[PDB]
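The structure appears below as structure tokens.
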RNA sequence: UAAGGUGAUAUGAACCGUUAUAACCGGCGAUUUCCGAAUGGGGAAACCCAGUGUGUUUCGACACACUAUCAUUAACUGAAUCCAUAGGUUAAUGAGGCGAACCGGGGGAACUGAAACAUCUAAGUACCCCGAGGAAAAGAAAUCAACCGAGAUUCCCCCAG
RNA sequence: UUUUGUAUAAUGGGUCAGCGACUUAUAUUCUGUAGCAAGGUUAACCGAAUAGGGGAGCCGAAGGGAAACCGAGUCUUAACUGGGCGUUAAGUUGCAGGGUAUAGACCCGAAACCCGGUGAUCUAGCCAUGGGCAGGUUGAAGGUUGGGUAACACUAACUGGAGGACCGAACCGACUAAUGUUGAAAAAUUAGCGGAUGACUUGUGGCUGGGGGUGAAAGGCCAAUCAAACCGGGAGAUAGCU
RNA sequence: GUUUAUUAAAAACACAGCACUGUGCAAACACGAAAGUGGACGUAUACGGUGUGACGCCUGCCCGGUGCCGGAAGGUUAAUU
RNA sequence: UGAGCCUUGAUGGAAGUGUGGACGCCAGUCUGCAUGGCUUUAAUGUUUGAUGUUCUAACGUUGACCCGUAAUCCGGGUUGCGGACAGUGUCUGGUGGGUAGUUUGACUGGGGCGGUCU
RNA sequence: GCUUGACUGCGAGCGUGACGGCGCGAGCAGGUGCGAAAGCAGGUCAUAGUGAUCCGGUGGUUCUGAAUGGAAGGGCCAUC
Ligand SMILES: [Mg+2]
Ligand SMILES: [Mg+2]
Ligand SMILES: [Mg+2]
Ligand SMILES: [Mg+2]
Ligand SMILES: [Mg+2]
Ligand SMILES: [Mg+2]
Ligand SMILES: [Mg+2]
Ligand SMILES: [Mg+2]
Ligand SMILES: [Mg+2]
Ligand SMILES: [Mg+2]
Ligand SMILES: [Mg+2]
Ligand SMILES: [Mg+2]
Ligand SMILES: [Mg+2]
Ligand SMILES: [Mg+2]
Ligand SMILES: [Mg+2]
Ligand SMILES: [Mg+2]
Ligand SMILES: [Mg+2]
Ligand SMILES: [Mg+2]
Ligand SMILES: [Mg+2]
Ligand SMILES: [Mg+2]
Ligand SMILES: [Mg+2]
Ligand SMILES: [Mg+2]
Ligand SMILES: [Mg+2]
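Chains as they are written, first to last, in the numbering used here: chain A, 10 to 158; chain B, 4 to 73.
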């Protein structure tokens, strides 16, 4: 009554039940050819290097993609004009590119897949709020300002 | 007779009734086979109960690491 | 070691020896047909038949020599199925069978007694089977003791009929 | 010898010579005898071996009570009485003997039970492969032809050749009588008798093993042995019997 | 036709025929601790067991008892928990 | 389909017209549903016992085919059929002259039958 | 009529048995009933109405209780 499937199969367990399981059922089916399981010490802990190394992301991996709002906040005033004209309007398009690409001042690069703005940005020019939407675990903030030319 | 893993028995014994019967008992154990070894592939050892229950706590290898060498 | 000596039932014949290789005794060897675990195959035991090698060779023959079965290991080969195994060959080791008792172990009676007979006894005896030694077996406390202590096993005398 | 009782015509012995039955071990208890004495005595073992050493231990000098316990007393009972058992009985250790105990237990003897082997060269079945059956008789099925039927059945002859068929040698078997009965013979001889192409008979070899086999069945046969073979063993079974 | 080899050859055993009953094949059944073998290289017109014993005319009544076959609702009931 | 824990239920968003199940001392209330302005006891979760369904994957195969192999054995493999059955081990109720070990008294004008054993 | 002597603990000394055992019994101790009292009562007029041992069951008792305290179990007494 102790096994470690990890490859759930209609059984009341997934990722390998570490608690009381079925018995005699694996002796000739589950274990053989199916999914070996012997939840006996040795085999048990051996699942750690397979699972205990997935949650470490909340510290290790996150740290490599969480400092977003930190890495980019005091950012140089993004001065990417959007063609200010039309007796008080504009011509430039404000959406994804101009917003994300508004960082390659020195040369850095990003992607237009992390943005937080439900409504499409109005074609104004004022302090364009750009709350970077990298991961759900971490957010950030950016700005954009249109100019005349 | 077999039960390989563990010894066996087949040891005699007098079966009494009400007071006594100078008879005899003996043949015991079980049998079965076809044990899929995670390694290459299954040979059918003729173990029995207690013998089969042994391959549990143990392995399927150690339990054979004897029937082989030794 | 030695003057005698060639085993015995009977000499006898033909002989060997007396100084130190005649005997005779002891040690190490050489040889040692056929059967018999018998082992090349077979077989009503001391017989029958073959394969592959040898030299002497008028160079056909001769006899000789090796060829059983298992187990361990080594190498080479190797199916259904890529693989890998199963299997096959070879070779080096080793075993095999006898053996009086004691010894360990597996199996295990009945007559008999109980003044009958089932429990019980005879007795784990008889016997059968396997194994090993020169002895075997057992053996350094999950022993005993009783608030004191002893201190592996084994065998002897008491405890006790 | 056995019996109330035997010359008994009840048992045993032809005779002689040799052999033939109360032993032995340890334990226990008496008797005699010896040693020592309220003490006697060691066992194994050591050994300068029958010494000497060794007193572990056994027995006796205290008993009563189921016992705790008490103690020349003690149980009994509520009893301090009486009553039961004890209390100025010398034991102990050898040696020899009487008896007993455990043993084969004075000696001889069963019918049997159990264990392990040897036996199907006899015999009972069965398997494989070979052999035998002089002679004479009857004469089925089938068929040919004539007849006959619309066609068949039916029929008559001739051919044909069957059959656990007939008679009868070999061969196989045994119903009767005589003889034999210390035989010629541990089942036969003589004169008859039954089967004799069949569930037949026979040579050679093989296969069934003892509580087992085989059996046209008698408990028959399984090597002159069978309501459980022969050989060895448990075994000196047991024998309130002779 | 067979039988008590060695006191019984028969009215006894066998027999062909009949009946009951079991067996679906890895058959029932038997030998065997088992493997395996016979049954049978057969397969229900087959094989086994029991009784009767050519053939002819037949084979009556009883299922209370015992045995066997079916049912199995209810009562009693083992190990086991 | 029972039974355990116990989870939601009936005793101990705002009126009116109705429907179903509840039960009766009965003349009745309970209880879900439109428009309208703790235990007595049920359901789902489950735990475990029952029968019955189906599956494959232990297990069987005296079916076929492939090798070992110019085998009827055996083993491995593929495949088919059967299937947690069958069958085996331990335990347990039957039945059990198939077999085995035994018992089945004595007195007595022989013994037996009858009768009697204090 | 009144009652529980169909009592408890012992028993001089006898009778009868191979033995196991069986029977008779005055008297003594503690407490009873009946009688005013002497006294009588330890079952029925007497003689048949019975079963040894083992294995246990029930109640009582600090008899014992395997290191010790308990306990189980054993003894003892009563009884089935
Ligand atoms: Mg040879
Ligand atoms: Mg040979
Ligand atoms: Mg006796
Ligand atoms: Mg007389
Ligand atoms: Mg005379
Ligand atoms: Mg004489
Ligand atoms: Mg006195
Ligand atoms: Mg004839
Ligand atoms: Mg004649
Ligand atoms: Mg004739
Ligand atoms: Mg012959
Ligand atoms: Mg004979
Ligand atoms: Mg004897
Ligand atoms: Mg004798
Ligand atoms: Mg005749
Ligand atoms: Mg005769
Ligand atoms: Mg005759
Ligand atoms: Mg008849
Ligand atoms: Mg009739
Ligand atoms: Mg009998
Ligand atoms: Mg007997
Ligand atoms: Mg008599
Ligand atoms: Mg009277």
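Virtual Cβ for every residue (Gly too), placed ideally from N, Cα, C.
Alpha carbon to alpha carbon, what distance is there between residue 18 of chain A and residue 59 of chain A? In the first chain, counting from the first residue as 1, residue 59 of chain A sits at position 50. In the first chain, counting from the first residue as 1, residue 18 of chain A sits at position 9. Going from the Cα of residue 59 of chain A to the Cα of residue 18 of chain A covers about 19 Å.
Check whether the segment 136–144 of chain A touches the segment 113–124 of chain A, counting contact only when three or more Cβ pairs, one atom from each stretch, lie closer than 8 Å. The segment 136–144 of chain A, when compared against the segment 113–124 of chain A, does touch it at the 8 Å Cβ threshold.
Using a beta-carbon distance cut-off of less than 7 Å, what residues from the segment 38–58 of chain B approach chain A? Contacts with chain A (Cβ-Cβ distance below 7 Å) from the segment 38–58 of chain B involve 39, 41, listed in chain order.
Per-residue burial, residue 22 of chain A [other beta carbons within 10 Å of its own, 16 or more giving buried]: Counted from its first residue, the first chain places residue 22 of chain A at position 13. Taking a 10 Å sphere around the C-beta of residue 22 of chain A, we find 16 or more other C-beta atoms and assign the residue as buried.
Assess, as a yes-or-no matter, whether the segment 72–87 of chain A is touched by the segment 147–156 of chain A under the definition of 3 or more beta carbon pairs within less than 8 Å. The answer is yes - the segment 72–87 of chain A touches the segment 147–156 of chain A, with three or more Cβ pairs under 8 Å.
Is DSSP giving residue 76 of chain A helix, strand or coil here? Indexing the first chain from 1 puts residue 76 of chain A at position 67. Shown here, residue 76 of chain A sits in coil according to DSSP, grouped into three states, outside any helix or strand.
With a threshold of 6 Å on Cβ separation, who are the neighbours of residue 12 of chain A within its own chain once the five nearest residues in sequence on each side are excluded? On the first chain, residue 12 of chain A is found 3 positions in, with the first residue counted as 1. Contacts found: 30, 35, 46, 48.
Give the DSSP-derived three-state secondary structure of residue 84 of chain A in the structure shown. To locate residue 84 of chain A, count along the first chain from 1; it is residue 75. Residue state, collapsed to three classes: coil.
On the DSSP bridge assignment, give the partners of residue 143 of chain A in chain order. Within the first chain, residue 143 of chain A is the residue found at index 134, counting from 1. Residue 143 of chain A is not bridged to any residue.
Give the range of the alpha helix (DSSP H) segment to which residue 60 of chain B is assigned. For the purposes of this step, residue 60 of chain B is taken as the residue at position 57 of the second chain. 57–60 is the span of the alpha helix (DSSP H), which, as asked, contains residue 60 of chain B.
Going along chain B, which residues have a C-beta under 8 Å from residue 35 of chain A? In the first chain, the residue the question calls residue 35 of chain A occupies position 26. Those do not exist, as residue 35 of chain A stays about 10 Å from chain B at its closest Cβ, beyond 8 Å.
What residue range does the beta strand (DSSP E) around residue 53 of chain A cover? What you label residue 53 of chain A is simply residue 44 of the first chain in a count that begins at 1. Counting along the chain, residue 53 of chain A sits inside no beta strand (DSSP E); it lies in the alpha helix (DSSP H) bounded by residues 51–54.
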